[PDB]
Each structure stands twice: as C-alpha cells, then as structure tokens.
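In what follows, one protein chain appears twice in different forms, each by itself as structure tokens: structure 1 and structure 2.
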Structure 1
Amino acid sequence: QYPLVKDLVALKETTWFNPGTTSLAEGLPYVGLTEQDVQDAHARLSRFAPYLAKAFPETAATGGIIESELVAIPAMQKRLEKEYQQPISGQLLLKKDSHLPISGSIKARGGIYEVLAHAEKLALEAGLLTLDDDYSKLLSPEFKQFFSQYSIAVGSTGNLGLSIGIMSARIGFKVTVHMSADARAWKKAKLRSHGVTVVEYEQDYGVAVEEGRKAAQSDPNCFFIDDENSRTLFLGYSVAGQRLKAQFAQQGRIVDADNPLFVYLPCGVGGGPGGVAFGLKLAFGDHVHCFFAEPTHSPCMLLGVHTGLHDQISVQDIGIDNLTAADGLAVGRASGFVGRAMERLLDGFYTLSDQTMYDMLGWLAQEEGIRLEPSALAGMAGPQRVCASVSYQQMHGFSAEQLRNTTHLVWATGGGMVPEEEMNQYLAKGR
C-alpha cells in the first residue's frame, strides 16, 4: 500500500485513523468555544422559535424548532453487509438533516442560525428589541423595512446559499448569493423565487467565497457569511449535539463505555461536521467517536489535519481537481479554524468516490425509501471502514462486546428538497 498522502494523490479511497485523539478535558482548551457558548446558541434559537413558527409555517407544529428525525436503517445495514462483504456490528441509524425544514440540509442549522444571530444583533443595537421580547414582533412591516436597509452576501455550492438566501429574504434583508460552477440550476431558480439576487461564475467554491467576501467589504451595511471562518455557523451546527442526546434519551438508546456511539459526518469546509462533532462531544463525552467523510476529489480536511498544515494547504496543491458530484463537499481548502479546534476530538477521516456515493444512494432508496443527494451518502461508507479496522479497535481498546453494542450513526446532510428530475438523475447513476 501507498503512504496515506500518495493514496490521496492517486484518488484511491482511503482511511486515516487519528493517533492523537485526547480526552474531552484535554481537547477543550483548543476549541476556543465552550458549552456555555453552545447553550447561548440553544437559548437564541428558543427566543426565535415564535418568530420562525409564524415566518415559516412548516415549523408551526414543532414551532418553530428546526430539528430532524433520527431513524433506524437495519435494511440498509444488511444491504451494505451484502454488497461490501464487511459486517456492521451493532445498530445502524440515520440522522435525517437532509429533511430539516426550510432549506433541506444541515445548513438549515448553521446558516439559518448565523442569519438570525445577525438580525438579532442589529435589532438589539438599534433599540428596537430586548432579549425578553416576543420575537414574532420581527415579522412586522416596520421590522421588514428596518432589515431591508441591510444586506447579506455569501458564496456557496450551495445548500449554504439556499439556507442563508431563504432565511435572509424572509427576515427582510437584501441577499445575494455568489454561486460556484456549476451549482444546480434548481437551486438558483429556488433562490430567485424568494427574491434573492444570484450572481453566477465558472470557478470553484473557494473563488465564489472570495469574490463574495470582497463584495461585502465594500459596504458597512453588508455582512458576509464567511464559511471558512465563522464561529457563529459552527455554534449553530453544534446545537445538534444536545438535540440528538435528547432524541437518544427519548428513544431509550444508551451511550456509554459499554455502548459506544460512532458518528459519520460528511465534510466540506468543516464547519458543519466540526460544529456537530463539538456539540456531540459536549453531550456524550469520550463515548462518542466522530469520523469525517470526504470525496476522493476533495479531501481538504483529511489533508489539512493529516499534514498539520490545515488551511495552509489545498487539494490542488497535491494535484487534485476538486471536481465531484458531491456539490456540498466540493471544498478545496479546509476551514480557517475547525481542524486545529477539533483534531484532538476526531477519531478519523476517510474518502470515498462519487460512484460509491451513487451506489449507496440507490441502495438507500431501494432498502429504506429515503432519497438523498450524493453528498449526504459520504457517512454511509464509514461504519464498514471502522468495523474492518483491527488497528483502530485496538488503538481505542474496543472489545468484541463493545462493538456488538455500538450504535453507528450516519449523518445525512442534504436531499429533502431536491426535485424529482434531479433525484431521478442521481438514481440513474448507481449500480
């Protein structure tokens, strides 16, 4: 076998288990954020819940908590064991962030949160709002006019654009989304139907984000959503940790030393999976084990963490084209901060090809009736990478029994809003 980086260079599916993981206590100083920060995010989303229930009536029945289902997928589990000839110990579950309301992706967590935090900040500073107000008052025509004086910009592939576009437009902000090549036509149409300005290019994610950042700095009433650097996005994602813990409790599922939880997180820039992993660590401690999953054509986070260069190296530095069917994950350079903040708290990083993603996407639809976009399948290959590795199991001291009592949680990150035509194209690609 090649050394790891040569696998990367060759676009071979590969797996790196992190030999420098630490206890939660030993890792926490390096995060730069705390459980108090995470609880402040929960509290902010709770303050906005009465606004959201009215602004987006699809959330009224939970109102307006933005949360997704946690489901068991034992038919898919058996299918994976059949197709890849590797047993999956324990139970396989799926977290359906693909089916979050409003924008149908994990970006409905961090993207939406960042937009709400920005509105709140402006409204507070204007003297228009206090923390103990009923936030549904923000729906008033006066508030919409207030927010119309401010603009938001974002670069995206873009579930992020979709999330920040739809939320910002509903609030009353002017919003422009700078879209990478190609970004799906349906997403641009969807944004334009919400009164969002979209600016189309023909370079990748990093260029779109760069040009979007440039345009927002030209105006003190324009706020750039910076997915490479925003801790606010990260915190919006991290809210998922306690939400999941509460679901596990409700469902009567134990997470402890004897019943470990392994979580498999698709990774673009790292804010999404990093933020979720942080919230998970605070919720479950040393008993949750987190794995990032990237396309073979975009292994930016694995590359950054493995080499210790983080955002100082890109996939293109190693001759990789950053072209993948997994749009949400087609990020060529890791986060400005997530790798350093989180490496001690991440058990491993792996890559999988577009074809693997497409094959699994079809199997999931066949076995479970759940239809996702290719990006959302990246975690699905994780349980078998982990179960096959004797060295990973020995590294962490996992017994046969602990492995039988493991929960494997695949984090689905997008797909619920993909139109039938595009979904049928996805299904046509798998074998």
Structure 2
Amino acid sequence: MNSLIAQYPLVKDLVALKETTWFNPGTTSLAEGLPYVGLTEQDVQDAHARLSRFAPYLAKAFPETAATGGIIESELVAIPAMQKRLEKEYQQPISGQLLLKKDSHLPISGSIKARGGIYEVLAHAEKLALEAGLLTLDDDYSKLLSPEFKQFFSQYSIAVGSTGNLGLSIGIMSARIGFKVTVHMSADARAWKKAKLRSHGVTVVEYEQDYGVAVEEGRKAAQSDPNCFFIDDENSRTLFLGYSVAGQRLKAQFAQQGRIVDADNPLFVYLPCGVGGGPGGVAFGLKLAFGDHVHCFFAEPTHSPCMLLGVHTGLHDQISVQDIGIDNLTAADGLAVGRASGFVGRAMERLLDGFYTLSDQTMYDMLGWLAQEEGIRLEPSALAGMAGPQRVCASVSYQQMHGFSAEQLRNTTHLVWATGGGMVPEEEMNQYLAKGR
C-alpha cells in the first residue's frame, strides 16, 4: 500500500487525487494481443447476428426503434465548436478532428448500457426459449411478443444491484420481455430512476443502509436460486460482447461518412470506465474493426481510478481504490466503481494505450461547455472521455513511444465516447449545468 507506492510511484499521485495520465508501455500488435482476450471475432459476429434476429422483435416491442428496423445504435457527430472551446479553456491544441459518439442517446435506455445490458437480457431470453423447444434460430422473433411468451418469460426472474444505467437498461428490457425483474437500489438514489423502473413494472427494492451488503446478500440468495439470474457486471463476458458490437457499427458509420482510419489517419478513442466492461468491450470491437490503427484510452474519476490502479500495478481486481485510501466518492456516479472487472484488465491491457483520471469539476466544466457549444446535454460520467484528446496531444513521450509523425497527428480523429445523458430529466440536468464554471 505504501509497499505499493514504493514499487509504483504513480500511486502517490492517485492517493493525492491529482489528475493523472498513464501511457501503457506494454501495448502489442493486434495479433500478439488477441490470444489473451479469450474471445474472438466469431464471438463478436455471433452477437451481431443475435441482435439481428431480435431486430423484428425490438421494432415492435419498443416502437421507438421501428424507424431503425429494431436496431439500437447512436449518432456519430462532429464537435469542432467544442474542440475550439477546449483548446481555449485548457490552452492545449487538439490535432485533427474531434467527434462524439452519442451512446448517451441510444434508444430505449439512453446510455451505453443499451448495448451490453440489453444484449445480456436478450441472450438470456433466447437461450431459455431455444432450450424449451419454443423457438428456433430461423423463427421471426416477433413471436416473442405473444401473451404465451410473456407467460413463459414470467417463469424466470432477473435481478440487478444498480442505482444507475445498468439497472435502468436491464430493468426496462427485462420487463418488456416479460421476466420478473428486481432492481436493488440505495434509498439515496434519485427518485426519477425509481419512478421510471416502476412505470415499466420493475420491482425496485430500496435499502436505507448497508446497500453494498444488501446487494451481496441478494447475489448469494440468487446463487442457489435456480430461476433467478442476478446480473454480474464484474464477470459477464456476455455484457462485454454486447458492448463490442459498437466496433463494427462505428466502422460502418466511418465508411458512410467518408472518414478514413489507417496508419496515416489514426483513430484515438476516449472511453469512460466504471468496472471496465463497457469501455473494454467497445475497445475490443474497435480493435477487431480497425486493428493497430485505433488507439483506446480509458478515463476515470480521480476518486475512482480502479482500472488504472489495477492495470498499472498488475493486481487488477485484487486491489481496490479503498485499499489505498481513496474514497470512491464522485459525481460521476456511473464510474463510482472501486474495484476493476474480474477479467477485462487482463483481457485487454495489451490492446489499451493509456488510462487517465479527471476531477469532478473538470467533468462539470466540460459538461457545461458542451451544452453551450454543441447543444448536447450529458451526465457527468459521460464527459470523462472529453479530457482525453488534450492528455494525448500534450504528451511528446506518448507520441514518441508510438512513433507518430506530425502529419499522422494532423490526420488523427479523436472520438469521445459519450455514455449517458439522453434520459436524464430536466431537473437533474439543470443541476449538472449549475455546477460547472
């Protein structure tokens, strides 16, 4: 701990809550890193194909998706006005072009969890219906909307411990399928989230104290309860694969928009990081899409640097931020995770270029500037990636490490991955806007 600090001087900066940037000196080629992921392009394509089978279902189940034929995807937009504002405010040029991926605006649940969380639920539904002999892979999955199917899914239950987007996404999707669903939340969690889940028929259970203990107790009660599936965001490869679908979806958007990614036109992507499933899965999908020419960076609150700590020390989930005296208290509630994933750090470290932290105030400030400059309103967690471009462009050592020429830097695309905000009510959004400077 001080034993850690002695071996890893960077840990002093973390304990001091200093905004920190760590470039990974151990990245590898895609070919060299792939064996360690434990998943393949075929696994990723099976996820695309599964979401395709569900498209006719989703188009009917969630009519908000009818216009996209039941595909759950988000806009890729250019934010050059925000680019200029960031350059002005932090006095660091951003080379090339700044873009924003609006996972904050995915349909159904308005966050990145509309990828992994929804996918997990649909995969579970499909597996059950297939094993029951009620569905085949060639069926029109619209049939899952029937009263008979709703009865069938009601014979199984799903539970989540989440006060945020994971619970919102899993709850909404599971209730529509017809599972019995329970979301376990602290009593202090925002009313609008509980109202929303309840409006969808989700049972929201609240705990006035010992919430973390409550979730562990729920997870154990489910562990030996055969028809309850308690979501495990620390270990689920299915969540990870659901997120990874973003890689080819993004590649297709770049192609449509006429945007090149190659050795002479690198893509740098900046991904907010909680437990690591979301950014890790997205990063894996990106690497399969773009190979060595995409460079991914994870972004965490200074009060919650669990993945940076885990990868930097090589301890991964064997260490928590609380182990080094950091409080895990942050306005970035989607990122307030004290211990990294059970598998993402080891799976992905060879394929991740860097990890950095930013303070709550920095998130609030940028949140305001983005509303002012681009008219896009996000939750604080979804601004973590927005600091990334200037961390990278400021670092000569990173650039020399990878051998970027000034011309490559000029032709770089910087993509900030926005992860939530679209479903946040006006009141809460106004509160976020009031906190920036």
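Take the two forms, find the largest set of C-alpha atoms that superpose within 1.5 Å, and that set is the rigid core. Start at 1 and count along the sequence of structure 1; that gives the residue numbers used here.
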| query | finding |
| --- | --- |
| Moved residue between structures 1 and 2 - picked from 139, 207, 75, 122, where its Cα shifts 2 angstroms or more relative to the rigid core | 207 |
| Residue 181 C-alpha shift between structures 1 and 2 of 2 Å or more, rigid core reference | yes |
| Cα displacement of residue 237 between structures 1 and 2, core-superposed (Å) | 0.1 |
| Per-residue Cα shift, residue 156, between structures 1 and 2 [Å; core superposed] | 1.4 |
